[PDB]
Amino acid sequence: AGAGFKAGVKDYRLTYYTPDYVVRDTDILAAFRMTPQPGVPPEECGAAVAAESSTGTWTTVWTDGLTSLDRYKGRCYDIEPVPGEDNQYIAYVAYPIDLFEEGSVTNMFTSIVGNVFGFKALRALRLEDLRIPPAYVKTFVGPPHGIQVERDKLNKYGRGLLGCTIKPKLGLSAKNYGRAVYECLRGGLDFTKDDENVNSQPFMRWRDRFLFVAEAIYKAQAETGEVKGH
Amino acid sequence: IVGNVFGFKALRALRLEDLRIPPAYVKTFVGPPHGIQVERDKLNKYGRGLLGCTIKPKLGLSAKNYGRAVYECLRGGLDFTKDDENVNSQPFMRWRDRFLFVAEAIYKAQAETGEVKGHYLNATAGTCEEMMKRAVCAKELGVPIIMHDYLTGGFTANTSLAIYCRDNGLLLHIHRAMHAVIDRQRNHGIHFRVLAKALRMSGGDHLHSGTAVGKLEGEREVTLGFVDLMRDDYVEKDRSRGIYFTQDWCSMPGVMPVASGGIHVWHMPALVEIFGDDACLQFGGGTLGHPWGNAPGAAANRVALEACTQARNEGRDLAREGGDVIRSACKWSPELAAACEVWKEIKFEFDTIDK
Amino acid sequence: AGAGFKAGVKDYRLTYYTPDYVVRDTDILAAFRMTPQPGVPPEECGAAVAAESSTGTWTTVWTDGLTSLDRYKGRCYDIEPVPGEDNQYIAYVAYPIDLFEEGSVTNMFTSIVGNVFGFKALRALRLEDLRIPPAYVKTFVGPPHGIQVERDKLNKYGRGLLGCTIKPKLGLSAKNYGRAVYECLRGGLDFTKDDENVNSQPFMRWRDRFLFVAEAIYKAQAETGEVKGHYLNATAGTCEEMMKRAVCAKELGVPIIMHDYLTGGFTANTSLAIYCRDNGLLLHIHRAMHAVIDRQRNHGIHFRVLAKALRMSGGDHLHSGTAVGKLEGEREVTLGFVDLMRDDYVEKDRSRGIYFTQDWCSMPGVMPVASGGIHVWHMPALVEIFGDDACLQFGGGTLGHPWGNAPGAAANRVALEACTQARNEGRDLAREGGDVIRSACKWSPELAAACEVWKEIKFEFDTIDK
Amino acid sequence: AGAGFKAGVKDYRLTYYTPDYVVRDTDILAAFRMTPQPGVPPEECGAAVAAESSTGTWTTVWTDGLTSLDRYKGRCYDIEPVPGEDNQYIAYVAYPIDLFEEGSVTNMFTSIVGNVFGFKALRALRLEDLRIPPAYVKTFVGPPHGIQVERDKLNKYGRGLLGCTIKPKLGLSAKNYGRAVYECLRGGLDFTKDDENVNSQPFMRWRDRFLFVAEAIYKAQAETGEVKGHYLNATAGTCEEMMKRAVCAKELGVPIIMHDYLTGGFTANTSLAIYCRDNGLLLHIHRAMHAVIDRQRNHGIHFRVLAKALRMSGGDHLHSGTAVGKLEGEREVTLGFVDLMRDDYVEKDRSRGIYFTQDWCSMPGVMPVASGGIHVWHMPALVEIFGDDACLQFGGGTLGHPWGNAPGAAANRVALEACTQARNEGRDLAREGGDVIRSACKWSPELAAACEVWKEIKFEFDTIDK
Amino acid sequence: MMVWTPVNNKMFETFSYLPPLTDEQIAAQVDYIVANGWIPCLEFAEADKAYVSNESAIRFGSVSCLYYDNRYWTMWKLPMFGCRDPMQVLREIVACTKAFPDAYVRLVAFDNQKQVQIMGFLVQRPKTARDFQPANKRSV
Ligand SMILES: O=C(O)[C@@](O)(COP(=O)(O)O)[C@H](O)[C@H](O)COP(=O)(O)O
Ligand SMILES: O=C(O)[C@@](O)(COP(=O)(O)O)[C@H](O)[C@H](O)COP(=O)(O)O
Ligand SMILES: O=C(O)[C@@](O)(COP(=O)(O)O)[C@H](O)[C@H](O)COP(=O)(O)O
Ligand SMILES: [Mg+2]
Ligand SMILES: [Mg+2]
Ligand SMILES: [Mg+2]
Ligand SMILES: [Mg+2]
């Protein structure tokens, strides 16, 4: 009789701690700064993070045998102690590219940072870095334009771009917003901007803002002879 | 409120503990598509907590095997099963294949048991357009419920989905994936009670609340506090439960709390005592980890829940007599006895961070 | 002064022949079988192919200096001599992944096979293989479902699938088409299909066919209690007409449509594959026109490349050839590309014409379909070649049965099941195949009648594509 | 008179070889260059091709009796031996018009070239020509505009059009692409174009290119006072993407887009041609991949058939080859298909490879485009071969000029106009071509520079497609 | 010419066109499962749930493509992971058929690498079934 289904709880490290694993160039890799609870070995904590962000749960399930756990499991493959810290470790986890929806940052986060930060067995957890392999990178549309194309479209080269957030953050009318934008742009700024929290509000509805801002951009552009934006 | 201030050099740490959302602002939101009362009415389920189950392994099962697991779980006595939060659409299982096989499973289990069944089909996607395509397919299959990861998908997408659910009569289950990144530490972040209020406003019929007793952290008093904030119409200030402000919901529907994560049959009395009937209790490992398989696993959980519910109704104190209630049910139900034996010694007891 | 612009013609090999280049794991690699004109060195010919399929033209251009030629150029990195040939070479070319549009088989072919086959400096050119790296594979939607999901949806396991093309190819009315379909499906075939050239014609308009075929599928399914399908042809003159046909199939609730991917084209095929994914239709792919391109040893594109292209563009089934039937296909070569169609990882194996290790990075496999001039006596050989993950199609071999379609279908189904059982019991179909069929004949009258009619019928000719 | 169904295999020639058949004026006719296997009679081989491209299969089917085989069957009606060949024949096959879907080139190819090229019983097969009858021609939308309308819209008369492919093929940014286009167009070229493989890539996304090219077109047009255009490539991975690109061109008000009709496919091409008709866009057709199919004498499909197919599917321009450039194309063969592309009625002429008289019944003509390894010294020969109704394209021959794009364009424009003037004045370009160019060189410094760089550059190799 | 009967001639996928499997033939199929390292499993269904049907499609929009009810049967216990003993499978067939004497019962096997069912055939039909023909009465 081969390996079969045995109900019950076993240590995560038996399946999910694989210190001799050689990472594949298609694997997504994560570096977690891990602070275990007293009495929890780093290997078990690292294994837990790998398991609960990939394929595993707290007790053994029979359905594992219908698939290939080896193919799909996240693997904690290295643990580094943190210099200057008594109870901090960097756990490295490798995830098969198969685990992820193509083109979906939402999915990537849901797996890697979905539940593991709330585990009782750890006191703290911080995701420090991710290695996104080319095979996964290529599934994304990515930036609409990027640095080179943006400079080319704006016809702006040889210096940093200059911008300005309109203030006060909230409280200005659409007309006064446009007035402030025009005066900023005409003096030599390339861009102005809505404050992050300026969306559409009783004091200034968005479409009113958009139109007055359009007038201001085109006024400043005509006056200076330089491409302007907000 | 939380846009830039957390990064100010002049502070070492900042945590948003609570928000008082006034009725005048509450009324501007569509809110939950249905809410607790309407959900019970649509499902025709009353007088006990709802029972659910996350299919495992989290990732790696084919669409056909997914549906197979779902059918076996539902037919044994669970009300719901669900996609794991990270099950979206992947090489091993594309979403539409899953939706169809799961539909077959739901309808088979429903015909077999004579009880309404559902499976939270995950609409979480990379784009709003993809998310909506998934919601539309669920609508066209006539199935009762979909799910969304509101923090990883985001509030903008969540609010859109909630509006779609209201307009098309789909229940919306909300998974709180990523919340502990934000809400775990006492000194910095945003407390879950704020994230829960935000979800009630954005819209969801269910929201994960934690278990207190399971594998993931959640202190009892704090949990009782935000469960009231999720379910009730009016919640008075109570600093002993972390409620900093009186909250008036001005008739916005309540959200069903969902207790999930490392729970099993022995936890049942404590769960029924903490949450009462207006909750969903979810057993992933606690069902698919049963030595006899999914249907007996589901039956064990269902027997445990009904035994505790009956005992409470008869005037028994689940806080003291809980162990006795389960032991009596074990001697009666072989399915339950098998579950009790496997997980008898399994507890999750650690020092609480979010005090 | 550094390197500047010098107008004029120079040898391609100065820029595009890089024998010391170490290929990157993201590079697309091509193996061309190249026959240079007299007096053209193989290195210059290989360099020319690399240049004119990537960044270069016949004379030096100043615009090169605005970009990085090193970053973008195709590179001829190896030239192998061909044993038995005095003027044939295998030129290996590496193309940076940056050269290609994500998700577009059309773009890949346009670069690699766009212009180089017409160069005066070569007498002949054949594309033998392409290494499609995982980073490029992942940009494609790929097959709507693939082998596993298809079996799961149909609820069919443990044997090859059986199919049948309705005959005569053209000339049957919609009603008679449906009648033939019903009779075939009810006798034991899983699928029937429109012939590749059955689209919409004066003798039978497509919507009439679709409806009668729907009636036939549902009748046969109710009668047998097994899931049935008929590949309804969506191949059309325009993308709009193609989509209208797919929509009708969806609205009828039928399981499967088909498309001629080479005659319809990759752009249309990819669109249809996406539609099929989004609406749960299986997609059968017919390779009409492939032999125009892939038959001759010295010139064209080997089918294995056309098969990789299809797997990327998207299809649930693809015709693979039979080896033993009326159409050409050598056994070893066929075994090679069948692995390329079905498997996740295929190691380099020159004895089966596999020039590069191919990693499919979990893209679903495509079901091979063996069709064309096959009959019951071929069954053991077919089961031995393909195994269970294949569809075997009998057009003439069903509608040519002396008792009609249902007995014809039953004969083929009995033959298939007898061979499958025999294999499972440990019998060697390569040696015992004749005995298996003879035993089944003595037992099944339907099978006996088929065996008698086609006993002496074989297709054995000298192979061109060696 | 009906006869009983008799199961079993019989010779194809019994049904499909009809040497006394008188072809109908509505029949589609095909001329196949056929190379049978040893021991296969030419009549049986021709009959097999007719059968398997129309109604027949390898064994007798009962369903034939429900229809009229006489009405629908393809017929091998004539077999010619090939002079100089021991085992090559021209088999003529007639197909009833009822066999074909109206307006669908895809369907026509699927029947005629779908399966027959792979038959074991033949060693090689080449489709040389097709007679498309008026009754079938009339079912096609055809070219969006055609030669006359294009000239009228552009306001360009009295000379060949001049164009240029931007180089390097791949690797330039959208901004640098537009910069190159502006400089080319302002110097005297009518058009520039995306290379066939320029679609949308990491180094340059399509919409960025479209916008910068729009700026360049409008700048050059204002500067010169002549109408300018740039063939923006709509070729894409899916029909949906292709259409998004065509729509953007429409919204920018630009005159012309391009499509790679063989790599994109006939279904996509026909849709794009229809879109172009409805929105007033000119459509330039690139023949990427044609030489995979049309290079070898013994096997494939001759370009003249691919050209007829394109005229039916729709295109305002089509690449025709140069004869004198870097890519193969024999003079006599080229003159033949150029007539087939441009003219209303083309008489049978075996000396130019025209097997059938072709009546286009007023379907608009397609402008031939000569491109590939040509430069100023080729100008006289090109003007002599094509006349005014052609576009001559100089990629390397413009961007390879020592002084840059604008002088390069000016040199080509001067050369063209000089040759045109000389022809008009009664000079014989075939003999006086060199003198015409030398005189223009002494006059134009831009042209003198071009003449010096490419003086010794010729492409003279043994012709494969004889 | 013989006529394939359309009346009460329901089939049951793989091997249903052959003579009914003998105990020896079943054992041979089980040996094949074990020899290839596949996972044996039994599934069963009452008569009303045995064949593909359409009833749930009443609830659908235009999404019935490749949807059928009754594809899923009910699992007997669990798949026999790690089973390398043909006698154990044969004993489970006996146990399943004893517990459900009026059910359809099929033996299946799974491949966990392809993750697909790789074999399957019927091992019991209810005695009350009258919607099928003996081999010698399939044609008339
Ligand atoms: O992925 C998981 O771990 C679970 O499916 C539980 O599985 P088990 O039932 O097998 O434990 C739930 O998503 C977590 O409980 C979410 O945590 P929370 O409810 O705290 O947000
Ligand atoms: O048109 C035909 O000839 C067929 O319908 C076979 O008919 P029969 O079953 O009557 O032979 C198939 O399309 C060819 O086999 C395709 O060839 P391939 O699979 O090689 O692409
Ligand atoms: O890619 C090229 O090589 C070209 O841009 C020519 O560049 P140059 O002007 O620099 O030579 C053309 O597409 C080919 O002529 C196409 O061949 P054909 O016209 O025979 O189809
Ligand atoms: Mg700000
Ligand atoms: Mg989960
Ligand atoms: Mg066919
Ligand atoms: Mg080109």
Side-chain angles (χ1 to χ4, degrees), chain B residues 55 57-72 81 83 86-109 111 119 121-143 146 164, chain C residues 102-103 132 134-158 227 229 246-247 250-256 272-283 311-312 314-316 342-345 359-367 389:
Chain B
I55 304 304
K58 305 176 66 70
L59 304 171
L61 287 176
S62 67
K64 174 79 182 270
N65 282 332
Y66 219 81
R68 171 177 274 120
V70 167
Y71 160 62
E72 297 287 339
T81 44
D83 286 354
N86 59 349
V87 171
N88 294 177
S89 187
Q90 280 110 321
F92 60 84
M93 174 172 49
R94 296 296 173 193
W95 71 266
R96 201 189 183 278
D97 295 336
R98 179 172 75 259
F99 280 37
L100 258 68
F101 282 124
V102 163
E104 191 192 338
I106 291 167
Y107 292 136
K108 187 174 179 59
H119 179 276
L121 289 165
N122 209 161
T124 306
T127 66
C128 300
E129 294 83 7
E130 270 303 304
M131 177 188 72
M132 291 303 185
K133 273 164 72 183
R134 294 172 200 191
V136 169
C137 173
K139 170 198 172 74
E140 286 169 0
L141 291 165
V143 296
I146 61 165
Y164 182 88
Chain C
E102 301 89 343
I132 315 297
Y136 196 54
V137 174
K138 290 293 286 174
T139 70
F140 292 81
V141 175
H145 309 281
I147 294 165
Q148 169 214 265
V149 173
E150 170 176 4
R151 287 196 173 277
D152 288 339
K153 288 190 167 190
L154 299 169
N155 205 216
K156 292 177 193 294
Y157 312 101
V227 172
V247 166
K250 172 197 170 73
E251 286 168 357
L252 290 166
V254 300
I256 188 159
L272 191 61
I274 291 164
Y275 182 87
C276 287
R277 168 73 65 79
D278 283 333
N279 292 280
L281 284 161
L282 294 170
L283 180 62
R311 187 164 177 186
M312 295 157 71
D316 296 318
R342 295 197 299 211
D343 297 348
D344 191 55
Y345 194 88
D359 184 346
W360 285 106
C361 209
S362 312
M363 181 169 278
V366 180
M367 186 85 77
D389 282 352

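Chain letters run A, B, ... following the sequence lines, proteins first and then strands; every chain starts at 1. We use all heavy atoms of the structure for the numbers below, so side chains are in, but hydrogens, waters and symmetry mates are not.
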**Request:** Measure the NZ-CZ distance between B/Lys64 and C/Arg151 for me, rounded to the nearest 0.5 Å.
**Result:** 11.5 Å

**Item:** Residues of residues 128-142 of chain B within contact distance of chain C, non-hydrogen under 4.5 Å
**Value:** B/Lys133

**Asked** Which residues in residues 274-281 of chain C have a heavy atom less than 4.5 Å from any heavy atom of chain B?
**Response** C/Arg277, C/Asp278, C/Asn279, C/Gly280

**Per-residue contact mode, C/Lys153 against chain B (heavy atom under 4.5 angstrom)** = both

**Prompt:** Does B/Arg96 reach the side chain of C/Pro144, with side-chain heavy atoms less than 4.5 Å apart?
**Reply:** no

